[PDB]
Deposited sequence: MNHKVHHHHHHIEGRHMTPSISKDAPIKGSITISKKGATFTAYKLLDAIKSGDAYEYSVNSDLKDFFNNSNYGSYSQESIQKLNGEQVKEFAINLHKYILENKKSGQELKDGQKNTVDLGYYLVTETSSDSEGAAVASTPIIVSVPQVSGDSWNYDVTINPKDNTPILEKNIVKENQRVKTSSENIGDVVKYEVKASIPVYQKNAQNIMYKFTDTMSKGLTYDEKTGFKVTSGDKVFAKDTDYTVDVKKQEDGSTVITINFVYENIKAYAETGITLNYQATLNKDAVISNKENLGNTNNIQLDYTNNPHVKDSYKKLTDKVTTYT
């Protein structure tokens, strides 16, 4: 079942996607051709050899519009892979404006290295121009990024409360809690970075013996299998703690995120604040080199 094509029907359409700072690229997989009262589809010759190609899932032209939602993701993954591996080029889209394109079936991917805010890259979007809306054909299509947005918080734990400023005496123990999202990426992403860098000011002594307790829900992760801890007391008296994760091992736990529990003790150099800074560096776009974002937070303990 499919709406009729009109006499006033454009030979072109448009794609609009909004995501500040980002750039998406549209790859035309199939040309749409008006044939009688419907659109028929022919393989775009730049990409024709992705089809019936055992190296990429052996999809036939006919396979496409027969696919369900979960098979589409697999299909889109294989096609994105074909595009990257055969150095295919596409049409880069201007953000938040109509981009004139030919009628056809498109894969749209986030190709920019950077974007605004904290979101990681979108997963691929398959889109048809035009598309069926109700009992009509829409030629100016709008699509949404399929991404996610991590949050990060560092708090001081005291009196069974989460606070951002504490008041202690020298030698007292300051208890810290970091809560952070685990971002998710397309199924086939590799070499994901998920790395915390914590900086304590000189008036703070990282309690190495208590160390880090890394959890997600009921799960407790294991030092030197799931994450490493590297401690560098700096010349200026501050401490830089690097907690670096094997993303693959925490991926299953994205629903509940990561929680860091650790401690320090106010030492002689206490300031009459004593700051704990946390930074999370994470992969933005997993299919471009050196594409990372950073979240930060901080708390302060006074004397």
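Unmodelled segments of the deposited chain, in sequence order: 1-16, 289-294.
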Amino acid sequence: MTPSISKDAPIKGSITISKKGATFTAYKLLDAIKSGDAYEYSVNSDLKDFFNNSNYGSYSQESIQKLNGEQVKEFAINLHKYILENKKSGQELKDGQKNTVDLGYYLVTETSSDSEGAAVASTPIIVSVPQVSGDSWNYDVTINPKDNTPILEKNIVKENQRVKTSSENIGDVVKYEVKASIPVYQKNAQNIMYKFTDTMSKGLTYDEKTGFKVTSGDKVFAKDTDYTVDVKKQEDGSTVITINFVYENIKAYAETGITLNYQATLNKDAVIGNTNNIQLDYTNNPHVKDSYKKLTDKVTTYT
From here on, numbers count along this sequence of modelled residues.
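Just going by the entry, 240-248 versus 59-67 on mean CA temperature factor gives the higher value to 59-67. Judged by mean Cα B factor in the deposited record, 156-164 ranks above the other of 195-203 and 156-164.
Of the candidates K146, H80, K94, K73, the PDB record gives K73 the highest C-alpha temperature factor. As recorded in the entry, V173 carries the highest CA temperature factor of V141, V173, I126, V101. Among the modelled residues of the chain, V288 sits in the middle third by CA temperature factor in this PDB entry.
Among all modelled residues in this chain, the alpha-carbon of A222 has a temperature factor (C-alpha) in the middle third.
In the PDB entry, a CA B factor belonging to the highest third of its chain's modelled residues is recorded for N169. When the modelled residues of the chain are ordered by C-alpha B-factor, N188 sits in the middle third. Ranked by Cα temperature factor within the chain, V229 sits in the middle third according to the deposited record.
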